[PDB]
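Asks: Got a structure here, written out as C-alpha cells. Questions coming.
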Amino acid sequence: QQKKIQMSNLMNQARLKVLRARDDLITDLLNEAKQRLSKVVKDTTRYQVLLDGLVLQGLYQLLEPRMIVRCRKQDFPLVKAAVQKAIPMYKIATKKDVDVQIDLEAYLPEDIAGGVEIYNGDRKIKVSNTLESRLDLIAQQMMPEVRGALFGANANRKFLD
Amino acid sequence: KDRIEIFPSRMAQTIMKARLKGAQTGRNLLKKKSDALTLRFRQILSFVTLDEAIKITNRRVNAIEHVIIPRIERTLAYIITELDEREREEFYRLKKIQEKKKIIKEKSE
Amino acid sequence: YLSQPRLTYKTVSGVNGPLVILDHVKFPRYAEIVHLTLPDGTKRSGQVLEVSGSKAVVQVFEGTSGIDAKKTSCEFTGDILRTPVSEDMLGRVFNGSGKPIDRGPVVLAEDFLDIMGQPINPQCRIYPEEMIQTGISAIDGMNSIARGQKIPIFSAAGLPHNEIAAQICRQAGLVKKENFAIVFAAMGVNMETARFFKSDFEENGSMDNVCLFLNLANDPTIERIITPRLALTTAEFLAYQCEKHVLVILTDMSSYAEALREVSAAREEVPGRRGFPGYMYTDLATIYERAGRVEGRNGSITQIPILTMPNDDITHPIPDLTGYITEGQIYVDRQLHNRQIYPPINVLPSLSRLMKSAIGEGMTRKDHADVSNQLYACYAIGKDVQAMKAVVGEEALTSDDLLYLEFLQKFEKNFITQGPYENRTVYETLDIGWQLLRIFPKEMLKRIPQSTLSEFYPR
Amino acid sequence: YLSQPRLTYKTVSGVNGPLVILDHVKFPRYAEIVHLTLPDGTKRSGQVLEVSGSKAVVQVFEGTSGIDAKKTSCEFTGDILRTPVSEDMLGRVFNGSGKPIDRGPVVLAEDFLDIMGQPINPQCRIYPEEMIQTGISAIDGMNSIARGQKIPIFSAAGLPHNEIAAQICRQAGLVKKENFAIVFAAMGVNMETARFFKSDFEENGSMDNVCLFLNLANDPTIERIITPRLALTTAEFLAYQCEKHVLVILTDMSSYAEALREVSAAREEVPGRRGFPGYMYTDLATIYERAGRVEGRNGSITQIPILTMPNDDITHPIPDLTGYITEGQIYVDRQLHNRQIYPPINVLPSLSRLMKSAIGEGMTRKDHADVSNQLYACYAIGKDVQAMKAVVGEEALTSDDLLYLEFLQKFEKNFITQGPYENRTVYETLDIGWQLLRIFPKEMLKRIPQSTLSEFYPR
Amino acid sequence: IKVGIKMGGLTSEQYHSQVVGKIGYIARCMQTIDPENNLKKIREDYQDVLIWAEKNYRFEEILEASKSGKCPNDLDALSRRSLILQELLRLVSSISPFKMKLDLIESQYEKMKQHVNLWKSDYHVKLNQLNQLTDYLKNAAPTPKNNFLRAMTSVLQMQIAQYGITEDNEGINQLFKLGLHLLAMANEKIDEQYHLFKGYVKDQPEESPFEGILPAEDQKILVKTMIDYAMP
Amino acid sequence: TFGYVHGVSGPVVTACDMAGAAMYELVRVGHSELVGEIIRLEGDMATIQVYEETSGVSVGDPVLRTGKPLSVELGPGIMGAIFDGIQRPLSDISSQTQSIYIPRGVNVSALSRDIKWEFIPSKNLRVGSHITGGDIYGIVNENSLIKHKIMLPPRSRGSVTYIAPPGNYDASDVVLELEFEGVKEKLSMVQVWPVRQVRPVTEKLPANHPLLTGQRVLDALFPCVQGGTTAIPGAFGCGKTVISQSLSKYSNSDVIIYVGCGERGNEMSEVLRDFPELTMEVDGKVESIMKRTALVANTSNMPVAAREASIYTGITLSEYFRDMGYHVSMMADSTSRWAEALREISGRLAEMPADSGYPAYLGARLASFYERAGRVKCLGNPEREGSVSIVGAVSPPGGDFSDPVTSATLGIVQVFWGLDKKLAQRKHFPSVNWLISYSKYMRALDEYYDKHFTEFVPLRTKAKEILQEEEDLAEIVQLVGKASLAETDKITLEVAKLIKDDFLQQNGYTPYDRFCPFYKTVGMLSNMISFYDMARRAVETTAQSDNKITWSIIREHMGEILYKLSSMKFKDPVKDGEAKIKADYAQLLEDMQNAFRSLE
Ligand SMILES: Nc1ncnc2c1ncn2[C@@H]1O[C@H](COP(=O)(O)OP(=O)(O)O)[C@@H](O)[C@H]1O
C-alpha cells in the first residue's frame with residue numbers, strides 16, 4: 001500500500017512541477033511582449049499613430065458629452081495631437097459635440113509603457129486603454145492559440161464544438 | 001392507506017389531535033386490560049379462553065400501535081406541512097402588495 | 001474576439017442583500033460578468049441577472065459584505081462567464097470558482113466554453129445501450145447502470161453515501177465479457193468529506209484521471225450554484241470534444257438547492273414548495289441533462305447527482321424534482337444502516353429507467369430481466385408480511401407467508417450485504433438471485449415465464 | 001333618450017392581460033361600456049372596472065388578443081350595460097354575452113334592464129311555501145325544495161351532477177293533493193355537457209319554455225362574468241313582469257369565481273383565502289339572491305346553481321361563501337358514486353333551510369317532518385357504526401348497532417338509489433321512508449312522537 | 001348588436017362561405033354522376049340547390065343569396081342532402097367498369113335518403129370496404145396476390161352494379177369477406193393466397209365465375225398464375 | 001419597423017419604441033434575431049416573452065416587429081419529422097449546421113422547399129368552380145400510410161381560376177389559384193395558421209368508438225374514446241411515460257402527435273431509435289411506424305418559454321390532420337411543465353399569483369387546450385370525419401393529487417387514469433390505482449360493446465365488484481388477521497389477487513405483453529370471472545351440507561387450474577395467433593368445468 005501511494009504522490013507532484021514550468025514559459029513570453037511594446041512606444045513615428053487610435057477608440061466607448069484624457073506627462077505632446085485629430089472624426093461618427101479636455105494635474109504612473117485613460121465628466125466612468133491593459137485583454141483571449149503555437153496541438157482533440 | 005385523506009385545514013388539525021389522543025388512550029386502556037389478563041393467566045398457569053382473550057386483545061393493541069396511530073401521525077404531519085405551505089403563499093402575495101404600494105407611491109411624487 | 005477596452009464604473013446605485021445595483025451603465029448586457037474591487041483592495045465578481053435602461057443588477061458571488069457605494073470600482077468583462085477548459089485539468093484540484101487550489105498554475109486553456117452550455121439536439125442524441133458494472137449486486141442486478149445514464153443516490157445525513165460513491169469510482173467497469181475520467185464536485189461539504197474523496201482517489205491510483213472542484217461549507221453560498229456547471233462544462237469538453245468517457249459525481253445536491261433557494265428569496269421570485277423557486281425544476285434540468293451519449297462521437301457523460309433527503313422525506317422538492325428528471329435512483333435508507341448492512345441500498349423505492357434495454361440477450365444474460373422482476377415481487381411481499389406479522393403474530397402466518405420471510409431475511413444478508421471492497425460480477429449477482437428464488441416452488445414465481453424457469457430453476 | 005353622439009378614443013394607454021387601460025377620456029362613467037375595434041376590424045366589448053381622472057380600466061369580455069396600443073378604437077356607449085329582454089326569448093339559444101347562436105335574429109328589445117340588478121324591498125318579499133316535487137327521494141323526502149328557494153348542488157369533478165340537475169329540470173313540479181320556464185346559464189361548460197342538456201330539453205319537448213345562455217369551456221373566460229347576470233336578468237323579467245314561474249340553473253359558479261379571480265389578480269387587488277378577491281362574498285350574493293316571490297306578482301324564481309368543489313373539499317372559499325348565502329345544498333358525494341349509487345347524494349352535510357315550513361299537514365303529509373328527522377338520525381348513527389366496524393370488526397357490535405348497519409345498507413339501496421328516469425312522489429317517498437323506519441322497534445324511534453308512530457308505523 | 005354571432009359554431013362569414021361551397025359541390029356531384037341528366041327524379045329533388053348552379057352566377061352573388069335567405073342556407077340540412085349524394089357518387093364511381101341501370105340508381109338513392117343516419121349505416125361500411133379494395137388496386141404490380149384480388153374485385157363490382165348495396169346478397173357478402181381477407185394477407189404468403197383463391201373459385205356456383213367479368217387478357221394472366229404455381 | 005430592447009429579466013424582455021405593436025405578434029429580439037411573442041403593452045413599450053435563451057442580449061438591441069402572430073406551417077413534410085417547440089425541424093438543423101448543439105437564432109423553414117412532391121388533383125374541379133374553406137383539391141403521397149390532403153385554408157374562398165395538373169411540385173410553387181372579389185390568391189401546398197386559434201369544424205360530435213390501448217387495464221375497466229380527453233397524473237417512476245409510449249406504438253389511431261414538453265432528452269431519442277424498428281402491416285406489406293407519427297421535442301433543459309409554444313404547436317398539428325379525415329391521438333407527456341412555464345413567466349412579469357403560485361388563468365389555458373379535442377364533422381365539401389384525442393400526463397409534486405394543475409385537469413378531462421406510486425414500487429405495471437380512476441365514456445361505449453362482444457360488459461361489472469370488495473375487506477383484514485373471514489370472502493380475496501397479479505399488470509417490454517389485443521383481454525377475463533362464479537357457487541351450495549368446500553379444498557384440488565390461469569398472459573399473440581389463443585382459453589374453461597364436476 002505504501003509503495004503505490006508514494007508513487008502516486010510523486011507523479012502528481014511531477015505533473016504540477018512541469019505545469020508550473022510551462023506557465024513560466026508563458027510568463028516569459030508576455031514579459032518579452034511588454035519589452036517589445038516599450039520599444040515600439042519609443043518610436044515617435046508609430047507611437048503617435050497608436051495614440052491617435054487609442055484616444056479615438058476610448059471616445060467611442062464612453063460616448064459622453066465631456067471627456068478627461070489622462071496620460072503620463074512624458075507623452076503629453078503626442079496625446080494632445082491625438083485628441084486634436086480625434087475630435088473632428090468623433091463629431092462625424094457620432095454626430096455629437098464632445099468637450100474633450102486633457103488632465104494637466106493628474107497623470108498616469110511613469111512606469112506605464114504608454115497609452116491613455118479617458119474619464120467622463122464626473123470621473124465615475126473610465127476606460128483604460130494603456131498598453132499593459134491591451135496586452136492582457138488580448139493575450140488572455142488569444143492564449144488558446146499561443147498554447148498550440150508554442151507546445152503543439154492536443155492530438156486527442158477531434159472536434160471544435 | 002398511508003393517510004386518512006382529510007383535506008389540510010385547521011379544522012382537520014384539531015380533529016387529528018383529538019383523534020390521536022383517543023387512539024393513545026385506547027392503546028393504554030387495552031394494554032392495561034392485557035396486563036390484567038396476563039397476570040391472571042400466569043397465576044393459573046376456563047384456561048384456553050384466557051389465551052384467546054390475550055391474543056385478541058394484544059392483536060388489537062398492536063394494530064393501534066403499528067397501523068392506526070402511525071397513520072394518524074402521518075396525517076397530522078401532512079396537514080401541518082400543507083398549512084405552512086399555504087401560509088407562505090399568503091406571505092409572498094402580501095410582500096408583493098406592499099412593494100407595489102411603495103412603487104405606486106413613488107410614482108405619485 | 002473582444003478587442004474593445006472594457007469600461008470601469010464607480011456608479012453603484014445601491015445594495016440590497018446579495019445584489020449590487022449599478023446605474024449609468026453603457027449598453028448593459030444580460031448575463032455578463034462584472035469584476036468589482038472593494039475599498040480595501042478585495043476583488044470580487046458577479047453576474048448581471050437583470051438590465052433595464054442604464055441600470056443593471058449584479059449578483060456578487062463572494063458576497064456583498066463590505067461593498068461600498070462611493071468607492072466601489074466595477075468593470076464589465078463584456079461577455080458571459082465563459083471558462084477556460086483543457087484536457088490536462090484531470091489531475092488538478094479547483095475551487096468552486098474555477099481557480100486552482102493545488103498550488104499549480106492557472107488553466108492554460110484550449111478553448112473557452114459558455115458555463116451555461118447548450119442543449120444537445122435530441123435528433124443527434126443517441127439512446128444509451130451499454131451497461132456499467134458497478135460490482136454492487138444491489139445495483140447491477142435489480143437497478144442496472146447504463147453508460148450515459150443519470151442515477152443519483154438518494155441518502156440521508158449520517159448514511160455512508162460518500163463511501164458508496166467512492167466505491168463506485170474504483171470498481172465501475174463494463175459487462176462486455178476501461179478507465180473513466182472522474183469529475184467530482186465537492187460542494188457544501190466539510191473538509192473531512194472532501195479529503196475523504198481526494199485521499200480515496202489517490203489510494204485507488206487513479207488521481208491522474210480525477211478533476212476535483214471544491215466548495216466547502218465555509219465557502220460562499222453563491223458560488224455553490226456554478227460549481228456543478230463548472231464540473232459539467234469540463235465534462236462536456238472531455239466527453240464531446242476529446243471522446244473521453246467521463247463520470248461526473250455531484251456531492252449533496254441539496255446544498256445546491258439551498259444555495260438556489262437563498263438566491264430565489266433574495267430576488268423575491270415566485271415560490272413553489274418549501275420556499276424553493278417555481279423554476280427549480282428548469283434549473284435542475286439545466287444541470288442534470290448535461291449527460292448521455294451523442295451520435296457520431298465516442299464519448300459519454302454519466303452522472304451520479306447524490307443528494308441528501310431532508311428529514312428522510314422522499315417527497316421533499318429536492319428528491320421529488322430530481323426524481324422527475326433523472327433516470328431513477330439508487331436510494332439508501334436508515335433501516336438498513338441501523339442494522340450494519342452495507343451497502344444500505346433499499347431496492348423497493350428505487351428504479352433504473354434504462355434497465356429494460358441494458359440487460360438481457362446480447363448484454364448480460366437472457367434471464368436477467370426475469371430474475372429482477374421476481375426478486376422485486378418477493379422482496380416487497382416479504383415486507384408486506386412483516387407489516388402484517390407485527391400485529392397478528394407468527395402463529396397467524398401460513399407456509400405461503402413464512403417463505404417470504406425466509407426470502408426477505410436471506411435476501412438482505414446474501415444479496416444486498418457485500419462490504420466496501422466486495423466486487424461481484426453481474427453474472428454472479430444473477431446466480432445469487434436464483435439461489436434466493438429457489439426458496440419458492442415454481443408455481444409461486446409468477447413473474448417469470450415457464451420458458452425461463454425450466455432452464456435456470458432446476459440448477 | 002341619450003341623443004348625444006358617442007366619443008371614440010384611440011388614446012389607449014396599455015393592455016395587461018384581460019384589462020385594457022385608456023387615457024384622455026372625458027368624464028369616464030363607472031361601469032360604462034366600451035366597444036373596441038381592433039386594427040383588423042374585429043369588434044369586441046368590455047366593461048369599465050374603475051375610473052380615475054382621465055384614465056379608465058376596461059374589462060374586455062371576448063378577450064384582448066390582437067389589441068394594439070396605437071390604432072384600436074374605443075367607443076364609449078355613455079350608459080350601463082342594460083340588456084335587451086323580451087318575453088319571446090324562450091325557445092332561443094344565446095351565447096355567453098346574450099347574442100344569438102341558434103341562427104335566429106338578435107333579440108328585439110321589448111325593454112331594457114340593468115343586469116346589475118334592482119334590489120327588491122324586503123318588506124314586499126313574499127316568503128316561499130309551496131313544495132316542489134322533484135321526484136328524487138333524497139330531496140323530496142329529507143331536503144325538500146320550496147318554490148323560490150336557493151339550493152345549489154355541490155359536487156366534485158367527475159360526479160353526475162349534470163344528470164341530477166337535468167333530472168330535476170324535466171321532473172320539476174308541485175306536490176298535488178302548471179310547469180316551469182327554464183333559464184340555463186352555462187359557464188365554462190364543455191361541449192359534451194352542452195349537448196347533453198340541449199338534447200335532453202329537446203327530447204322531452206321542453207324547448208318551448210327554455211332559454212339557453214351558452215358560455216362554453218372553449219369560449220372567453222371574462223365574458224362568463226356577465227353571463228350569469230344576463231341569465232338572471234331575463235329570469236327577473238319573465239318572473240316578475242310576465243308572471244311566469246322560472247327555474248334558473250347555473251352550471252358552475254366555480255368557473256365564474258375563477259373568472260373573477262383572473263380579473264381581481266389582473267388589477268392587483270389584495271386577495272383573501274386561496275387568492276380570490278376579498279369581495280367574492282358580495283359578487284355571489286348579488287347573483288344568488290335574485291330569487292323568491294314579491295307582493296303583487298304570481299310568478300317566482302327558484303335557483304338551483306351548481307358548484308364544482310376543488311379537491312373534493314367543502315371548505316374551499318367558493319363553496320364556503322356560497323354556503324353562507326344560499327339556503328342549504330344537496331352536496332353530491334363521491335363515496336356513494338364509487339359504489340354505483342345514483343343519485344349519489346349524501347344526506348348528512350346537506351340541509352334545506354325552508355324544509356321545516358314547506359311540509360306538514362296541508363302541504364304534504366302530517367308526519368313528513370317526523371319521518372325526515374328520524375331517517376336522518378338513523379343514517380347518521382349508521383355511519384358512526386360503520387366507522388366503528390371498520391376498526392373493531394363486525395363481531396364487536398351489539399344488536400342495536402346491527403339494526404343501524406342494516407338500516408344503512410337498505411337505506412342507500414332502497415331509499416336513495418332511484419335511477420335517472422324514475423320519479424317518485426313525496427307520498428311514495430315517505431312510504432319508503434316508513435319501510436326503512438319499520439326496520440327498528442318503535443322504542444328506538446326516539447325522534448317521532450308516539451302519536452305519529454301509532455298512526456303509521458304498524459300499517 | 002352582432003359583435004359575435006358564432007352561428008352554430010362558425011363566424012357568420014365562414015358559415016355562409018360553407019353554404020356557397022356546398023351548393024357548388026352538389027352541382028359538381030350531379031354533373032359527375034349524371035352527365036346526360038338522365039336521373040330526372042333526383043335532379044328535381046335537388047332543384048332548389050341546382051337552380052343556383054349550372055348558371056352564370058358569381059361566387060359573391062351566391063354568397064349574397066345565402067345571407068339574404070334566397071337559397072337553401074341551412075347548412076346542416078344542406079349537408080345531409082349533400083351526403084346522400086356523395087355516397088351515391090362513390091357507389092357509382094367505385095364500380096366504374098359496370099354501370100347501374102337508371103332504375104337501380106333511383107332505388108339506391110331513396111334507400112339511402114330515407115335512412116335516419118346514413119353516415120353510420122351499413123351502406124357506408126360497405127362502401128368503405130369496396131373503396132379499400134378498389135383503391136389498393138389503382139397502383140399495384142401484377143403479382144399472384146394482385147391478380148387474384150383483381151379477378152375477385154371485378155366480380156364484386158359487377159354484382160354491385162347489378163344488385164346495389166341495399167340487399168344483403170350472399171354474393172357480395174362473401175366477396176367482401178374474401179377480398180378483405182386476401183388484401184390483409186401477407187404478400188409473401190403465397191401458399192395461402194393460392195389456397196384461399198382456389199377455395200373461392202370452386203365454391204361459387206358458376207362453372208366459370210369470371211366469364212364476361214374480366215377481359216381475355218386478364219384471364220390469360222389469371223390462369224397462367226395458377227398453372228405456374230401448380231407446375232412443380 | 002424596429003423597436004429597441006429596454007431591459008431583460010430572463011425569459012421576459014422589455015422593449016421600447018413599439019407603439020404600433022399588438023399582443024401575440026412575433027418579434028425578433030437581438031442581433032441573432034431571437035424568436036419571441038408580445039405579452040403586454042404599456043404605452044409604447046412592449047413586454048416580450050422570448051422562446052430562446054436571452055443570455056447576451058443587450059439594452060439597445062433591435063427588435064423587429066412582425067405582423068404575423070405565432071403560427072404553424074401546415075403542409076407535406078411533417079410526418080416522420082421531429083420538431084422543436086416552435087416548429088424548427090431538428091433533422092434539418094443538424095443536416096445544415098453540422099453541430100450537435102441547437103444554435104440560437106436559427107431561421108429554418110418548417111417544411112423543406114427542395115422536396116418534389118407527387119401531387120394529384122381531385123379531378124372534380126374545373127375553372128369557374130366555387131371552392132370553399134376546407135375543400136380538398138388534390139392529394140400528395142407523403143408515404144404509403146398517410147395520404148396528405150391539400151385543403152383550401154379556412155377564411156379563404158372563391159372561384160377556381162387555375163389548378164395544377166398532376167405532376168411533381170414542391171412547396172414553393174403554386175398549386176391552386178382562386179379569386180374572390182377582384183382580389184386573387186395564389187396558394188402552394190403549405191398553409192399558415194395562428195397556433196393560438198382553434199381550427200373551425202362543421203359540428204362537434206359525441207365520441208362513440210373506443211381508442212384502443214395496448215393495455216389490459218386502461219381499456220377493459222377504464223376505456224378511452226376517439227376524441228376523448230384523459231389525464232395520467234402519475235408520480236415519478238409510476239410509468240406514465242411508458243403508458244403514453246405504449247399507446248403511441250400500439251393503437252388504432254391513424255396519426256400520433258407526441259409532444260415532449262419538458263421531458264427528459266433521452267426519452268425523445270428512445271422514440272427515434274425504437275419506432276423505426278416497429279412494424280404495422282397495411283395491406284399485406286410491412287411498413288414502419290414513423291411514417292404515421294410525428295413528434296415535438298422541447299426537453300426539460302431547453303428554454304422554459306418554449307414550453308407554451310410546444311403544447312399549442314402540437315395540438316395545432318393534430319387539428320390539421322383531424323381536418324383531413326384522420327383520427328389523431330396526440331399525447332403531451334408533461335402538462336405540469338407547461339403550467340410550470342406559465343408560473344415562471346408570471347413571476348418575471350410580477351403578476352399577482354393564485355393557488356400555489358400559479359397564474360389565476362391556469363384553468364383558462366387548460367380548458368381551451370383540452371376542448372380542442374373531439375370527434376368532429378370536418379369543414380370542406382368532401383364530408384370528412386376526424387377526431388383528436390388528448391392523453392396528457394401530469395406531474396404532481398410528491399404524488400399528491402392536490403396541486404392546481406392536477407385539480408384543474410381533473411375538472412376538464414373525462415377519463416382519469418390515476419397511478420399509484422406504491423404499485424410502481426412493487427413493479428405492478430401499469431401502476432393504475434383502479435380505485436380512484438374512472439371513465440365517463442362507459443355509457444357511450446356500451447352500444448359498441450353490445451354490438452361486437454356482448455359478453456364484455458357483464459364481465460367488466462363483475463371485475464369491478466370483486467376489486468371493490470377486496471378493498472372493503474383489506475381495510476378490516478389488516479386489523480383482524482384473517483380470522484373472521486367467511487369462506488365466500490376468502491374466495492373473493494384470492495380471486496381478486498388473481499385478477500390483480502395476472503390481469504391488471506403486464507410487462508410492456510416483453511414480446512407477449514407489449515400489445516394486448518382486446519379479444520385476448522376479454523377472453524382471459526371471462527375465464528377468471530367464470531372461475532369466480534364456479535368457486536363461489538361451490539361453497540355456497542355446500543357450506544350448509546355435511547362437507548363444505550373451503551378454499552383449502554378447492555385450492556389443493558384445482559392447483560393446476562390456478563397456475564394455468566396465471567399463465568394465460570404468456571400467449572405471445574405475434575407467434576401464436578387468434579386461433580390458438582381462443583382454443584387455449586377454451587381448454588382452460590373446459591378444464592375448470594371438469595374439475596368442478598369431480599369436486600362437487
Ligand atoms: N407499463 C409498464 N410496463 C413495464 N415496465 C414499465 C411500465 N411502466 C413503467 N415501467 C418501468 O418503470 C420505469 C418507470 O416508467 P417511466 O415512464 O420512466 O416513469 P414516469 O412515471 O416518471 O414517466 C420504466 O422505465 C420501466 O422500466
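Each chain in the C-alpha cells gets a letter, A, B and so on, in the order shown; residues start at 1 in every chain, and ligands are counted from 1 in the order they appear.
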Check every protein, DNA and RNA residue against ligand 1, keep those with an atom at most 10 Å away (counting only C-alpha atoms and all ligand atoms), and present them as a ChimeraX atom specification.
Replies: /C:143,323-328,350-357,373 /F:214-215,232-246,263-264,267,333-334,393-395,419-421,424-425,427-432,505-510,513-514
Asks: Generate the output file for the selected residues, C-alpha atoms, as a PDB file, in the first residue's frame.
Replies:
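Output saved as out_5.pdb:
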```pdb
ATOM      1  CA  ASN C 143     -31.190  -1.470 -10.989  1.00  0.00           C
ATOM      2  CA  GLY C 323     -36.787  12.004  -9.445  1.00  0.00           C
ATOM      3  CA  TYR C 324     -38.710  13.600 -12.312  1.00  0.00           C
ATOM      4  CA  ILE C 325     -35.551  14.478 -14.231  1.00  0.00           C
ATOM      5  CA  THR C 326     -33.045  11.624 -13.646  1.00  0.00           C
ATOM      6  CA  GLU C 327     -33.461   8.009 -14.902  1.00  0.00           C
ATOM      7  CA  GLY C 328     -34.431   6.724 -11.422  1.00  0.00           C
ATOM      8  CA  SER C 350     -35.634   2.509  -6.460  1.00  0.00           C
ATOM      9  CA  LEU C 351     -35.687   2.115 -10.274  1.00  0.00           C
ATOM     10  CA  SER C 352     -33.435   2.448 -13.370  1.00  0.00           C
ATOM     11  CA  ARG C 353     -35.350   3.891 -16.370  1.00  0.00           C
ATOM     12  CA  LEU C 354     -32.804   2.466 -18.905  1.00  0.00           C
ATOM     13  CA  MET C 355     -32.507  -1.033 -17.320  1.00  0.00           C
ATOM     14  CA  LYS C 356     -35.007  -2.576 -19.822  1.00  0.00           C
ATOM     15  CA  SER C 357     -32.529  -2.008 -22.689  1.00  0.00           C
ATOM     16  CA  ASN C 373     -38.814  -8.614 -11.559  1.00  0.00           C
TER      17      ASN C 373
ATOM     18  CA  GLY F 214     -52.273  -1.888 -25.762  1.00  0.00           C
ATOM     19  CA  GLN F 215     -53.120  -2.478 -22.112  1.00  0.00           C
ATOM     20  CA  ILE F 232     -52.367  10.493 -16.172  1.00  0.00           C
ATOM     21  CA  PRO F 233     -51.213  12.404 -13.063  1.00  0.00           C
ATOM     22  CA  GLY F 234     -48.541   9.879 -12.068  1.00  0.00           C
ATOM     23  CA  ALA F 235     -45.686  10.490  -9.663  1.00  0.00           C
ATOM     24  CA  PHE F 236     -42.101   9.907 -10.877  1.00  0.00           C
ATOM     25  CA  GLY F 237     -41.471   6.192 -11.501  1.00  0.00           C
ATOM     26  CA  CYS F 238     -45.172   5.406 -11.909  1.00  0.00           C
ATOM     27  CA  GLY F 239     -44.650   4.577 -15.573  1.00  0.00           C
ATOM     28  CA  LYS F 240     -46.956   7.154 -17.150  1.00  0.00           C
ATOM     29  CA  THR F 241     -44.414   7.791 -19.929  1.00  0.00           C
ATOM     30  CA  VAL F 242     -44.480   4.063 -20.683  1.00  0.00           C
ATOM     31  CA  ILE F 243     -48.277   4.106 -20.866  1.00  0.00           C
ATOM     32  CA  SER F 244     -48.038   7.030 -23.286  1.00  0.00           C
ATOM     33  CA  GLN F 245     -45.374   5.286 -25.385  1.00  0.00           C
ATOM     34  CA  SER F 246     -47.395   2.055 -25.378  1.00  0.00           C
ATOM     35  CA  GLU F 263     -39.483  15.679 -20.900  1.00  0.00           C
ATOM     36  CA  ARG F 264     -36.028  14.070 -20.378  1.00  0.00           C
ATOM     37  CA  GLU F 267     -36.997   9.791 -23.937  1.00  0.00           C
ATOM     38  CA  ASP F 333     -46.030  13.932 -21.740  1.00  0.00           C
ATOM     39  CA  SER F 334     -45.967  16.669 -19.086  1.00  0.00           C
ATOM     40  CA  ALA F 393     -49.536  13.391 -18.403  1.00  0.00           C
ATOM     41  CA  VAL F 394     -49.430  15.466 -15.228  1.00  0.00           C
ATOM     42  CA  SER F 395     -46.581  15.545 -12.694  1.00  0.00           C
ATOM     43  CA  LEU F 419     -51.414   5.961 -10.973  1.00  0.00           C
ATOM     44  CA  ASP F 420     -50.278   4.781  -7.546  1.00  0.00           C
ATOM     45  CA  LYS F 421     -46.623   5.170  -6.610  1.00  0.00           C
ATOM     46  CA  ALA F 424     -44.925   1.114  -9.069  1.00  0.00           C
ATOM     47  CA  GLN F 425     -42.580   0.369  -6.170  1.00  0.00           C
ATOM     48  CA  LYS F 427     -43.276  -3.122 -10.208  1.00  0.00           C
ATOM     49  CA  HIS F 428     -47.022  -3.634 -10.616  1.00  0.00           C
ATOM     50  CA  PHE F 429     -47.086  -2.002 -14.003  1.00  0.00           C
ATOM     51  CA  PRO F 430     -49.023  -0.217 -15.254  1.00  0.00           C
ATOM     52  CA  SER F 431     -49.330   1.274 -11.777  1.00  0.00           C
ATOM     53  CA  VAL F 432     -53.039   2.021 -12.114  1.00  0.00           C
ATOM     54  CA  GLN F 505     -50.425  -5.817 -14.619  1.00  0.00           C
ATOM     55  CA  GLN F 506     -48.337  -6.624 -17.683  1.00  0.00           C
ATOM     56  CA  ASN F 507     -44.694  -6.197 -18.670  1.00  0.00           C
ATOM     57  CA  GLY F 508     -44.676  -3.821 -21.624  1.00  0.00           C
ATOM     58  CA  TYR F 509     -41.094  -4.745 -22.580  1.00  0.00           C
ATOM     59  CA  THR F 510     -41.789  -8.379 -23.488  1.00  0.00           C
ATOM     60  CA  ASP F 513     -47.321  -8.059 -23.103  1.00  0.00           C
ATOM     61  CA  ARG F 514     -46.058  -5.285 -25.421  1.00  0.00           C
TER      62      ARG F 514
END
```
Asks: Residues of chain B within 8 Å of chain D, counting only C-alpha atoms, what are they? List them as a PyMOL selection string.
Replies: chain B and resi 7+94+97
Asks: Those residues with C-alpha atoms, as a tab-separated table (two decimals), in the first residue's frame please?
Replies:
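The new file result-v7.tsv reads:
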```
chain	number	residue	atom	x	y	z
B	7	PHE	CA	-58.03	17.90	3.24
B	94	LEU	CA	-48.62	40.32	0.80
B	97	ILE	CA	-48.59	44.03	-2.45
```
Asks: I need the chain A residues near chain F as a ChimeraX atom specification; criterion: at most 10 Å, counting only C-alpha atoms.
Replies: /A:159-161
Asks: Please, which residues in chain E fall within 6 Å of chain F when counting only C-alpha atoms, and what is the closest atom pair and distance in Å to one decimal for each, ordered by chain then residue number, as CSV?
Replies:
```
residue,atom,partner,partner_atom,distance
E:18,CA,F:132,CA,5.9
E:21,CA,F:132,CA,4.9
E:22,CA,F:381,CA,5.8
E:24,CA,F:130,CA,5.7
E:183,CA,F:283,CA,5.6
E:184,CA,F:283,CA,4.9
E:185,CA,F:284,CA,5.0
E:186,CA,F:284,CA,3.8
E:187,CA,F:284,CA,4.9
```
Asks: Name all residues at most 10 Å from range 104-114 of chain A (count only C-alpha atoms; drop same-chain ones fewer than 4 positions away) and give them as a PyMOL selection string.
Replies: chain A and resi 34-35+37-42+47+50-51+68-76+129-133
Asks: Mind checking which residues fall within 10 Å of range 65-74 of chain B, counting only C-alpha atoms, ignoring those fewer than 6 positions away in the same chain, and posting them as a VMD selection string?
Replies: (chain B and resid 1 to 4 16 to 17 19 to 24 27 59 80) or (chain C and resid 387 to 388 390 to 391) or (chain D and resid 391) or (chain F and resid 478 to 479)
Asks: Kindly provide, as an NGL selection string, the residues of chain F having any atom no farther than 7 Å from an atom of chain C, counting only C-alpha atoms.
Replies: :F and (6-9 or 55-60 or 90-91 or 100-102 or 236 or 264-266 or 268-270 or 300-302 or 343-344 or 347 or 356-357 or 397-398 or 425-426 or 478 or 481 or 563)
Asks: Show me which bits of chain E are within 10 Å of chain D, counting only C-alpha atoms, as a ChimeraX atom specification.
Replies: /E:1-10,12,74
Asks: Using only C-alpha atoms, determine which residues lie at most 7 Å from residue 249 in chain D, disregarding the query and same-chain residues fewer than 3 positions distant; provide the list as a VMD selection string.
Replies: chain D and resid 183 to 185 303 to 305
Asks: Counting only C-alpha atoms, figure out which residue out of E:151, E:77, E:91, E:172 gets nearest to residue 208 in chain E.
Replies: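 Comparing E:151, E:77, E:91, E:172 against residue 208 in chain E, the winner is E:151.
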Asks: With 8 Å as the limit and counting only C-alpha atoms, what residues in chain B lie close to chain F? Please list them as a short mmCIF file (atom, residue, chain, number, x, y, z; two decimals) with C-alpha atoms, in the first residue's frame.
Replies:
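Contents of the output file out_19.cif:
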```
data_model
loop_
_atom_site.label_atom_id
_atom_site.label_comp_id
_atom_site.auth_asym_id
_atom_site.auth_seq_id
_atom_site.Cartn_x
_atom_site.Cartn_y
_atom_site.Cartn_z
CA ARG B 59 -53.66 -8.05 18.38
CA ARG B 60 -55.94 -5.02 18.73
CA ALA B 63 -52.81 -2.67 15.34
CA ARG B 86 -50.50 27.90 2.42
CA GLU B 89 -48.01 31.83 -0.45
CA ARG B 93 -48.54 37.86 -2.10
#
```
